[PDB]
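The opening residue of the sequence shown carries number 22 in the entry's author numbering; numbering runs sequentially from there.
Backbone N, C-alpha and C fix where the C-beta goes; we use that ideal spot for every residue, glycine too.
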Amino acid sequence: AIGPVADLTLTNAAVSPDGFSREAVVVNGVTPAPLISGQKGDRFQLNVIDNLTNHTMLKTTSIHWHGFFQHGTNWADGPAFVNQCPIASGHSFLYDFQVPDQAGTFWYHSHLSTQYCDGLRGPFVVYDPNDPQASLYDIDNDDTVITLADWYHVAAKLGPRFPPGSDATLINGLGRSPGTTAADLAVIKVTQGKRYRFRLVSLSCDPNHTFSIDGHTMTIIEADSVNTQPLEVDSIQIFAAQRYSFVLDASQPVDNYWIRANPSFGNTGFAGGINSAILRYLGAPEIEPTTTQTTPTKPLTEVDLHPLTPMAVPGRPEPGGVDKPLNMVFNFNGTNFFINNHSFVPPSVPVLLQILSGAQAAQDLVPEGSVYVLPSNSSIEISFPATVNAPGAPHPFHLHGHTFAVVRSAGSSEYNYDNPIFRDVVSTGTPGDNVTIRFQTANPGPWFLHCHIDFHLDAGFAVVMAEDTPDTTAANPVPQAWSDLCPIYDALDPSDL
Ligand SMILES: *[C@@H]1O[C@H](CO)[C@@H](O[C@@H]2O[C@H](CO)[C@@H](O[C@@H]3O[C@H](CO)[C@@H](O)[C@H](O)[C@@H]3O)[C@H](O)[C@H]2NC(C)=O)[C@H](O)[C@H]1NC(C)=O
Ligand SMILES: *[C@@H]1O[C@H](CO)[C@@H](O[C@@H]2O[C@H](CO)[C@@H](O[C@H]3O[C@H](CO)[C@@H](O)[C@H](O)[C@@H]3O)[C@H](O)[C@H]2NC(C)=O)[C@H](O)[C@H]1NC(C)=O
Ligand SMILES: [O-][O-]
Ligand SMILES: [Cu+2]
Ligand SMILES: [Cu+2]
Ligand SMILES: [Cu+2]
Ligand SMILES: [Cu+2]
Ligand code: NA
Ligand code: NA
């Protein structure tokens with residue numbers, strides 16, 4: 022794969038991942054965007070060259086590298102109007118950052134409006150040459166990344182504000198829609214007797230997926246970017262922007278087996294081979310599977326996930342047992358989402374630039390009421406109680422700049438302050454749940470916190486966690502190219518956005 026040093030050229034082109042042709046935003050000619058890779062310790066230099074021509078899908082752009090801490094490079098995190106102004110068509114911008122202390126499965130996507138839905142989204146893997154899970158598998162390479170993407174026949178700005186699911190699920194970029202049931206399916210090849218580390222990446226804009234493979238079980242070894250104690254499952258509900266690594270032991274008879282990714286809404290089930298791909302053992306005929314679904318007897322539950330390496334939960338083991346507890350009260354008015362009575366509206370001056378110019382207190386940062394200032398070196402607890410006032414649940418929330426402990430998961434009344442999973446995207450569940458996370462503020466800068474259903478983010482379901490505002494400017498020296506983005510963007514005609 023490309024990386025750690027690469028050009029990512031953005032253009033508009035016609036694609037037919039499910040046999041239906043539509044115009045899209047592509048990266049180096051393709052959507053999903055190509056796999057980027059490197060290894061622990063690398064300096065990534067990803068030069069984003071914006072050659073977009075289509076205003077309906079936005080000619081401007083910004084790229085976020087999902088899951089990376091970006092310590093001291095907050096300016097490269099990507100969210101438009103939080104960490105930078107968007108890049109303009111005919112221009113380039115170099116994202117230059119290091120990953121000294123993380124490895125795992127990540128992804129990358131546009132972080133401007135709903136542009137990632139129109140195609141700017143792909144996988145990103147940082148390999149660990151001393152991976153502690155490596156004795157569990159034989160093969161871990163570019164052909165073991167499995168992407169899931171909800172694909173729409175109508176563009177994000179042309180269809181409904183809140184689409185009722187997608188036309189197709191794409192698995193490694195290919196899939197069928199109900200009207201294109203002869204379109205080519207993705208094929209994942211295995212050799213009998215080998216063990217594979219599959220890296221499952223949800224590139225979804227909205228629906229979650231229930232993933233399974235006929236005749237096979239899956240051993241989870243990683244959740245988002247965090248290594249887990251090996252957990253055997255036979256079904257995985259994966260929410261938008263989550264990842265899992267699992268080991269597959271290709272010990273079944275030589276045959277074709279259905280891979281299934283059933284969306285929570287949209288075109289559900291498997292009629293005509295929608296929501297499906299093919300696991301093909303080497304030597305099997307090159308035809309569609311005729312395997313049948315079996316009821317899961319070991320579905321993934323988040324509470325069964327624990328970190329491989331002990332990871333201490335911040336604070337003391339009781340509710341509110343931290344320096345700064347916060348409760349996020351969700352609402353919706355039919356058009357806009359709200360957190361604590363505020364719907365995020367992106368500011369003209371990016372939040373990071375406001376802070377560099379001297380705005381360090383929440384009352385002086387805009388948009389007011391959506392920016393929370395957190396003290397440095399402190400324990401934080403955030404609760405996200407599900408509510409009928411925020412439809413479109415379960416909302417999968419994501420915190421930039423951090424992995425966090427999930428002390429209470431969806432569908433569980435337990436609080437685990439001992440060995441809960443840490444991750445970066447968590448389902449907030451349905452009414453009755455009170456999903457709760459903890460983390461420590463060791464990462465100066467403004468970090469977005471939002472629902473990763475992109476239509477909801479765009480309708481304002483977000484806040485900014487401005488951590489350690491007093492050391493933010495010193496900790497994140499910016500390049501001139503970043504300073505230059507706002508004047509370029511602010512000069513554009515409305516028709517060239
Ligand atoms: C979801 O979980 C959060 C966090 O536990 C809940 O917020 C917390 O709610 C309790 C009330 O049960 C608040 O405690 C109260 O504090 C006041 C003084 O401030 C005291 O007089 C009461 O005796 C009680 O101890 C707590 O402050 C509050 N935490 C935050 C950060 O707001 C939330 O209510 C839960 N939501 C649902 C729907 O379950
Ligand atoms: C710029 O990107 C746009 C979004 O992908 C793309 O929009 C496409 O616009 C046409 C209408 O001009 C839509 O086609 C329609 O017309 C057919 C009959 O030929 C009917 O089925 C419907 O009336 C339908 O609305 C496309 O649906 C729409 N594409 C998407 C994905 O929404 C523009 O075409 C792009 N501009 C250029 C110059 O390529
Ligand atoms: O990821 O936003
Ligand atoms: Cu993301
Ligand atoms: Cu992110
Ligand atoms: Cu949402
Ligand atoms: Cu984000
Ligand atoms: Na690479
Ligand atoms: Na990791």
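Option in the options with minimal Cα separation from residue i
i: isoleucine 160; options: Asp270, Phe260, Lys178; result: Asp270
i: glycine 93; options: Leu513, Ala383, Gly466, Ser113; result: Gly466
i: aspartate 205; options: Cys226, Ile295, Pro121, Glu243; result: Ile295
i: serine 113; options: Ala502, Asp152, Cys507, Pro181; result: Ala502
i: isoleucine 401; options: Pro412, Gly341, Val208; result: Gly341
i: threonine 32; options: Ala203, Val48, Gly196; result: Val48
i: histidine 471; options: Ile403, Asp514, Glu435; result: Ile403
i: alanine 431; options: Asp439, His416, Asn440; result: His416
i: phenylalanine 476; options: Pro310, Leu157, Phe183, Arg337; result: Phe183
i: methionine 239; options: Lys319, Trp128, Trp279, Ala189; result: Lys319
i: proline 25; options: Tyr116, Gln105, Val370, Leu386; result: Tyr116
Chain-order list of residues whose beta-carbon lies under 6 Å from that of residue i (same chain, five-residue window excluded)
i: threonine 168; result: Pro53, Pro144, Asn193, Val222, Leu224
i: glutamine 119; result: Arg64
i: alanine 414; result: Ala407, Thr451
i: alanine 480; result: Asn357, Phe358
i: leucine 252; result: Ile241, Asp325
Within 8 Å, strictly: CB atoms of residue i and residue j
i: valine 334; j: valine 103; result: no
i: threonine 81; j: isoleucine 108; result: yes
i: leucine 67; j: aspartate 163; result: no
i: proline 185; j: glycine 287; result: yes
i: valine 428; j: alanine 262; result: no
i: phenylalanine 482; j: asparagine 410; result: no
i: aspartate 139; j: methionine 78; result: yes
i: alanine 34; j: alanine 22; result: no
i: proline 388; j: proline 412; result: no
i: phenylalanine 469; j: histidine 421; result: yes
i: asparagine 229; j: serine 297; result: no
i: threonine 30; j: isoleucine 70; result: yes
Anticipated Cβ contact below 8 Å, residue i with residue j, distance rounded
i: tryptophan 86; j: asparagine 497; result: The pair is not a contact, with the Cβ atoms about 15 Å apart (cut-off 8 Å).
i: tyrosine 217; j: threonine 289; result: Going by Cβ atoms, the distance from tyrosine 217 to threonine 289 rounds to 28 Å, so no, they are not a contact pair.
i: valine 275; j: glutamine 213; result: 6 Å
i: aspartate 39; j: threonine 231; result: About 19 Å; that fails the 8 Å criterion.
i: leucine 395; j: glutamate 488; result: 4 Å
i: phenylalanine 443; j: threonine 424; result: 5 Å
i: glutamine 123; j: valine 147; result: 6 Å
i: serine 433; j: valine 366; result: Rounded, the Cβ-Cβ distance is 34 Å, inconsistent with contact.
i: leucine 518; j: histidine 76; result: 7 Å
i: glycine 99; j: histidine 132; result: 4 Å
i: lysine 61; j: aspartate 171; result: At roughly 31 Å, the Cβ-Cβ gap does not stay under 8 Å, so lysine 61 and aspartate 171 are not in contact.
Same chain, Cβ closer than 7 Å to residue i, neighbours up to 5 away in sequence not counted
i: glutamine 273; result: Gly236, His237
i: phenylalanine 405; result: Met349, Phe418, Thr449, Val456
i: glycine 304; result: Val275
i: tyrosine 265; result: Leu221, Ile241, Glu243, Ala244, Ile257, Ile259
Residues of its chain near residue i, where Cβ-Cβ distance is below 8 Å and the 5 sequence neighbours each way are ignored
i: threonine 249; result: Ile241, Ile242, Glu243, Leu326, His327, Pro328, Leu329, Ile442
i: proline 153; result: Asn248, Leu329, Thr330
i: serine 399; result: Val343, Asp344, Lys345, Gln461, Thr462
For review: beta carbons within less than 5 Å of any heavy atom in ligand 5: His87, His421
Could you please go through the chain and list the residues whose beta-carbon is closer than 5 Å to any non-hydrogen atom of ligand 8? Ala22, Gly24, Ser58
Pocket of ligand 1 (residues with CB nearer than 5 Å to any heavy atom), chain order: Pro340, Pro346, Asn348, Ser404, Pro406, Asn455
In chain order, what are the residues with a CB under 5 Å from some non-hydrogen atom of ligand 9? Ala124, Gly125, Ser246
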